[PDB]
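Comments concern the structure below.
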Amino acid sequence: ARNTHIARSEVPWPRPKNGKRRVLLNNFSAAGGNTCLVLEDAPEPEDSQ
Amino acid sequence: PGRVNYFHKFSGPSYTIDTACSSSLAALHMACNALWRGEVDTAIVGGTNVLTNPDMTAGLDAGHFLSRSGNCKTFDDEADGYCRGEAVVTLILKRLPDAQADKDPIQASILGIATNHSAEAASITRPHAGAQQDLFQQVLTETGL
Amino acid sequence: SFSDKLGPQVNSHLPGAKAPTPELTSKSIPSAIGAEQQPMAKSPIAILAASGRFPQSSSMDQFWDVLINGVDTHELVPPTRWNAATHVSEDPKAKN
Amino acid sequence: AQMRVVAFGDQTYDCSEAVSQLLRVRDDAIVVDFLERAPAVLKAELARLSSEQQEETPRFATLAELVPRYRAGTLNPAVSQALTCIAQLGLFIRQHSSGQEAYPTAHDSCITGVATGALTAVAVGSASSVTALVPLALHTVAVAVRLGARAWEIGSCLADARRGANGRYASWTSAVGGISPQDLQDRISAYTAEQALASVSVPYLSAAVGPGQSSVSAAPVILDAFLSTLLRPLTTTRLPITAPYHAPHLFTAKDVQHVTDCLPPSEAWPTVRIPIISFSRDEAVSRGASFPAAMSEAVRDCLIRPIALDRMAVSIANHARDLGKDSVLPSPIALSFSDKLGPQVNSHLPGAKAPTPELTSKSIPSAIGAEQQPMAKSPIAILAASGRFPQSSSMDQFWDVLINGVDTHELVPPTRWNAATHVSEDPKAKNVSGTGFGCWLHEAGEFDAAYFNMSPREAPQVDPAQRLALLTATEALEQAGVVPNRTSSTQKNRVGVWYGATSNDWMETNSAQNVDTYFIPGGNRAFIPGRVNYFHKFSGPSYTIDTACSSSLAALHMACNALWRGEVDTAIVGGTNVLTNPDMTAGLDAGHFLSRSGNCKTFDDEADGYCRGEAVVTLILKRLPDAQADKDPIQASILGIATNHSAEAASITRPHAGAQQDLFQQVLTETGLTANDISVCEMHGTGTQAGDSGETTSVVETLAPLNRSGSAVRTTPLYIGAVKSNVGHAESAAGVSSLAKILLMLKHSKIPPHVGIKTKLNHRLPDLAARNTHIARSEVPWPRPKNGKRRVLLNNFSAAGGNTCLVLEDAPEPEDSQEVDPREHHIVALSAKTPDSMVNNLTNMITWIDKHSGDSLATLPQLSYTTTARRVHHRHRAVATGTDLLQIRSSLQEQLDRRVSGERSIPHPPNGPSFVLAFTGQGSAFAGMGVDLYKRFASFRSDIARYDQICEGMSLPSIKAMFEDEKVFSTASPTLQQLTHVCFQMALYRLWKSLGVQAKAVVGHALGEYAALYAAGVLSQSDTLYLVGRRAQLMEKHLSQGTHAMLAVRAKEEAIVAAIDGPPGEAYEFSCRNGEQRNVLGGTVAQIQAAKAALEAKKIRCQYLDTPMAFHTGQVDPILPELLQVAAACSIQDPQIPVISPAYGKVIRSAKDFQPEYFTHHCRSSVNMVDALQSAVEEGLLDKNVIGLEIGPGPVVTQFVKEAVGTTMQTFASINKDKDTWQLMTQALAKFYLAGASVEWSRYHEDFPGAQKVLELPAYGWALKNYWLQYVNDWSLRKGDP
Amino acid sequence: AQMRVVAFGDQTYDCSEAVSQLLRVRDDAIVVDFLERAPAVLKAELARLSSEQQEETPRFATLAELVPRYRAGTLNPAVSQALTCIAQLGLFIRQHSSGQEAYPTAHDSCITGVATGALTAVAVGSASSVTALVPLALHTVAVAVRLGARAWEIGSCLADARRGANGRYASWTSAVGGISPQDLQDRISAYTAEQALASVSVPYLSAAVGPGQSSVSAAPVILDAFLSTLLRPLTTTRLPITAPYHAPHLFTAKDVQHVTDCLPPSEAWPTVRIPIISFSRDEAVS
């Protein structure tokens, strides 16, 4: 209903044109702490031609 | 990290973080904090875990943390705890302008990182959904996404 | 609020006149090298490399080989860590 | 009529001081941003130099590292030009941004610049604001770097540094005075003609300073060979120019073009607006040129044209004359001989002057909250500190051991591990050590499990480190007066915990002898801060730092980083070390780390290792402005902190003195202090010969250097000490232990003696006496300089190779409010989680009072404030009231005697008390009613003012005069009287509601119905005012004076009915039925007289009522329609609480009963108080356990409530005709507190600043118990045997 | 030949987007400094409010946490006033610092603002550069907090929040269309005469926005009852104003003096140098 899936099989994850992919990373604690992290994609490489 | 500093002759800070099962990400947060105020220009973040003491496994089992059936059955209806794993991994970090100036390879970019404590949970070990939701929303707002 | 009507209303009380805006007025000079970057505080942090040793994997490529193939790596404790036959019981009754 | 002139100078001006000053600016955003962005541009431009040049440039992170190199003279021309430009631009920006100076304009100002300052002239002449100037400044910086690099390249190609370079760069020019430029040129021409020289290497004059002064440039060797021929009376001085400049025979247009190639081409380049005076060029004044073109011309000036400095003043004066002005006011920046400028500029001008008063330099006051500097790079305040050291259960006992110079080391106690089996003279057996000495805490197993919700089963298997961390953290939080959610900075989401631990011996040795369900929670180091966060409900980051033997200062560094980034507002930092694993001692002795003789003997000639000690310490940190705004107690400020690694050591464990010296210098430079400001240096001093010698030499070289003459440069003694010779090496709490010692010395203002040196001072140390450095052998006074502060340097090193440094400071001088607490009576509150803790707290408080009985007269209010406002209040409570400390002491002593005699404390009910609020009629009003409340409480004053203004809005008489004059009650009109009564009742109710008194039901009596209805949410304040005012006005208007009267009889209803002839109602009617034995009769004055005559004939004591009007009688008939019309206007609502209404004699609970006719009925019908009270008691609303408060001039209605309810219903009043209001208020608050009410103590003291200070009260009286898991059977010596 | 006029709005305009955008600026030092200092001044001034007002104020570490509450209509008048003024000043400062726009000058510019935008108007008219304007901006933020607090105090005095409020702050005003202001005034007078009402709770004309439109303010229940009397083709639309304003029969010179009592007396206070167009006043330009 919310448009979220658990990939039961390999699915492509292509980079959007003129865009980036973003990720959320969670790592919690038995002591109680929580750490969250928002990841991105590296800029398109401007390698000398 | 002391041996890494000594062998490679790096004369910058050197800490080991023992936060928790989240030690590696806490160390990453600390490294980013150091990077964000110019203390260091390059960082070597990592995390290690090698199991060689039966008593830690015995204690974790006695605490009902581990699963007596196999691996971690995430999202399953019969999930009954996790199983211990071994892994060592190291990463190299830089501020994006510095990474682009030196022409280093870049695999991803960290936009923001935050930490908090589930201090309102029923017991110390159990998690608190409200705290995690607040953390996620705070990070999202800070990142501007 | 309703700002777009301020112009027509004010100019309706004045002698006829209409002047456009040069779209190129926003042209800016180029910043000095090394200054265009945003301050160090809250700046993106790059990940340059990564290495590790995971179960059934002596590199990251082998880690991906494990991940994409959907194989779980759990197994009983080897004999080089401790002897399972005596350190593990169906119901723990002995010390430790 | 006056023109300002901005002038910049050349490289001749020593700019090191200016650069040092700018780097210390913290209150200007523009300057800070510019100084962060200039190093980046500088580095980017340096990276594209030649290969040989790049080898000679230093590597730096900030501009600070280039200052000492600039002073030493070992900085190449490129960086020198860049630094000159940066200093000039930063000075100008700071002057015109935080100096609040109008930017120069084209009509009142001109810009001039000597060769290197010609670039900055273009940079600031092409803008109109500092914001528009910042980018041009960076472009100019890059251009200057390139210019210096080009000159350096040409010079280096011309000549090579001599063999004896020493690193210094020779000077390429020298100022020669004594002849005019023409004679000097003739001499140079003759010299180069007689002597054959390459046309490209001849000497040339690069300036014309004046009629008899000039400058000459050439390659250092050639210049020296030429200046030798200039004999007396000509004098020559070597200027600090390290490259050739102003040489039209060494540079061409190509070089000028190359330098200015860093500027890309475009059309958005700003032009030159403010005229620039180029005294060296043909056209003195230039304007209207693009930015790149003017920059190219400036570079040409600085490379190809000689400085015509004998024409600057003439050109400026000519410009001033042309503009028509008559005087010039100079504002030179980094200009040499700047003082002489203005005189010679004005010499060419007609005489004129215009002084500026210095009193006009004043500035607008900053808005509250904007005066503080940005949280980044802000002092961190230490508010409190608690710890457990050997032979010390607190910091006072730690001071005792320090000052007494006692040695603590001893053999292993039987509780840890047997020494007869784990120690041998020469280790030969497996897992056997040669040393068994240490400094132990003998009460590490003592804990209050109940206080922290732990269980007797779980407590033993919790690492003593965690238990002591909890104890010390709670103690430190209590000592700092921090209660969660009390303030913005103490919100639970803004508090984090950092702890430094490096061992979990409990898991290895004690907990592992039997693994139970609490093995991991109780043993893992993750739970040392986790338990603190969980128990105190702080929801901020929590970390454990295992850095090294220097973990505590690493944790402090991380906490300060978190505070400086704004991710927390309060931080709890600490460090733990409890030794219980014999294997750790065996492995430290196998590595030759521990001494086999005794304690750490630092600076001694026979140092042969250190001793293992134990210590737990916890501190509370906070940014300085947040602590000051919170009225928290501050005892030190952290100015800076840094870390690095000794990775160049010969061995991993061995220290490296060079790294330590770099760390100390870095911290000192960042903090902005000089070597002479540090009076004390607390060093690691771990009692090892080589390590002690290296640390001492590095510290002395940093803080106590030697001048070239070989004499001391310090003007004040520097004292060196180490806490480790007294308590050993805590080795994970060592940093916090040293910091705690420093705090104690700051408190007591004396330096304790040093006990490490037992035989003889180590002979490898530097001669300290020659350096003005001392090792205190007897305690010396350490007084705080008046109008000054004393600072410290703290060190902490590691076996892993990490070094940490920290600079401390004295707290700001207290600004204590000198206002005297007008309150007469005061309230002191104690609380505990256990009856035993209650007895302990009472005993400790009584002891404290005796020791502090006569300290001052302001101590009682501050004790009240600390005990009530700044504390957490638990289930078991005890309170004391009095006017002086002696009364409180006596009351507390009586309570303690009764408690010890055999009584037992009982926790208050979980939900607290329940209140019923009674509002009185218009009978108890007296002159001066609530006049002290109007004077002392600001909320009451505001409420009364608002009510008065609203009344004036509705055409009603003012009410303020009845609360200020106090002499108008006598002649108050009846409407004014009723208005004052209702307004006072409403304001008073709002006051009590502000102190945490919540109403569960409200009951009025014949005039409190309006206030009660407001308090129940039925009406608003405006509606109540309108109703009461219009009712009174109608009563006064339609009716007359003396029409009826009222009387009261102290007899039953049947008796009064029988004693009077005639049925009730037709002649007389009941007006109020206060109680069973109390009734009030009303009727015509003649009828009242007849009734009194009839009843008094029966010998019944009745009394006339002073009320002039008559309510609930026949006199209120001809105004009912008007009251009905008025009441239909006001809004109505469902009450939030039951409204006991005597008018209807029931418990009304809905808005359907408060229709407009209800008000008319009340204004006419009788006050059937008794029936309403009985209805409420039947409904169960009122019980004997319900508290009753009296919102009114006296305890009238509450008495009736007590009769209706029972006889054991404690009740209190708020105002009285004879008793002081503060006595009653204090008594009521004390009884509510004892009941269980959560009083808003913060609001009770907010209006009395004189009482707002936190005292150092005795710590909590914990009910300690021993929880230990003994290590048995010596199994650690058989790790691997069958 | 041409002059530019900078106009500031009021509470009616939504400022969530503006405040969110301002918090994402990273290339401007002045804007970052202002957005760091403004929360400090707001927290310092919000600590001087009465007890009942502080229980209804949210706890925020930074301005980012107030946007979600502002959008949900759960922000009391004081913080809303502060946020509106902060957004206005921040937008102006960013435009004139990063936008590289010349500061307004009296020769070819004039400031103007409506009720809430007049504070920002005077703040911007007394300065000559963004650097010189930042402190006056913080003073204006404090004054806005105080003004909102006073209006909220009086409004709460008049009437209390309804039972089913659920947190939201009921609007106190509403725009009216289809009448000239005069006939609407006579309608208000007739409705007041027919139902006797306290002189303080009577509806009043807060604004006259056009020849056939205007605004009417009153207590939420009084306003709701009155608007039911207006029948088609009479149109009514609510506005997001949560306190009584523009009420000469509720506010006096004492309230004005109290609101502006956070500015210490001194003879440095810069004098407005660029004319401010005051259309409501008797003197058009001051």
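Scope of the values below: all heavy atoms of this structure, side chains included, with no hydrogens, waters or symmetry mates. Protein chains get the first letters and strands the later ones, always in sequence-line order, with residue 1 at the start of each.
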Closest-packed option against chain A by number of heavy-atom pairs under 4.5 Å, given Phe136(B), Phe75(B), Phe65(B):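 The residue among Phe136(B), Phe75(B), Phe65(B) with the greatest pair count is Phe136(B).
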
Residue among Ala108(B), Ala114(B), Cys21(B) with most heavy-atom pairs under 4.5 Å to chain A: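 Answer, by heavy-atom pair count under 4.5 Å with chain A: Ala114(B).
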
For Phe10(B), all residues meeting ring-ring contact (aromatic ring centres under 6.0 Å, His included), sequence neighbours excluded: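 Applying ring-ring contact (aromatic ring centres under 6.0 Å, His included) to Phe10(B) gives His8(B).
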
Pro43(A), part contacting chain B, at a heavy-atom distance under 4.5 Å: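 It is the side chain, since no backbone atom gets that close.
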
Residue pair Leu111(B) / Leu39(A), side-chain heavy-atom distance below 4.5 Å: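 Result no, sub-4.5 Å side-chain heavy-atom pair not found.
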
Top contributor to chain B contacts, counting heavy-atom pairs under 4.5 Å, from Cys36(A), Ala31(A), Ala42(A):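 It is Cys36(A).
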
Interatomic spacing from CG in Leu135(B) to CZ in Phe28(A) - rounded to 0.5 Å: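 That separation rounds to 7.5 Å.
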
Enumerate, including both backbone and side-chain atoms, all donor-acceptor pairs under 3.5 Å from chain B to chain A.
unit_1    : atom_1 : unit_2   : atom_2 : d
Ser109(B) : O      : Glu40(A) : N      : 2.7
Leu111(B) : N      : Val38(A) : O      : 3.0
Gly112(B) : O      : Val38(A) : N      : 3.1
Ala114(B) : N      : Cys36(A) : O      : 3.2
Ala114(B) : O      : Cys36(A) : N      : 3.1
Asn116(B) : N      : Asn34(A) : O      : 3.0
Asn116(B) : O      : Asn34(A) : N      : 2.8
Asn116(B) : OD1    : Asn34(A) : ND2    : 2.7
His117(B) : NE2    : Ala31(A) : O      : 3.4
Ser118(B) : N      : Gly32(A) : O      : 2.9
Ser118(B) : OG     : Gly32(A) : O      : 3.3
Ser118(B) : OG     : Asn34(A) : OD1    : 3.2
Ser118(B) : OG     : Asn34(A) : ND2    : 2.8

Pairs flagged by salt bridge (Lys or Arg N to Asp or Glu O under 4.0 Å) wherever residues 25-38 of chain B is involved - sequence neighbours left out: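 Every pair satisfying salt bridge (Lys or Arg N to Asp or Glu O under 4.0 Å) with a residue in residues 25-38 of chain B: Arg37(B)-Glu39(B).
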
Salt bridge (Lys or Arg N to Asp or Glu O under 4.0 Å) partners of residues 25-36 of chain A, not counting sequence neighbours, each pair once: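 Sorted result for residues 25-36 of chain A: empty, none.
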
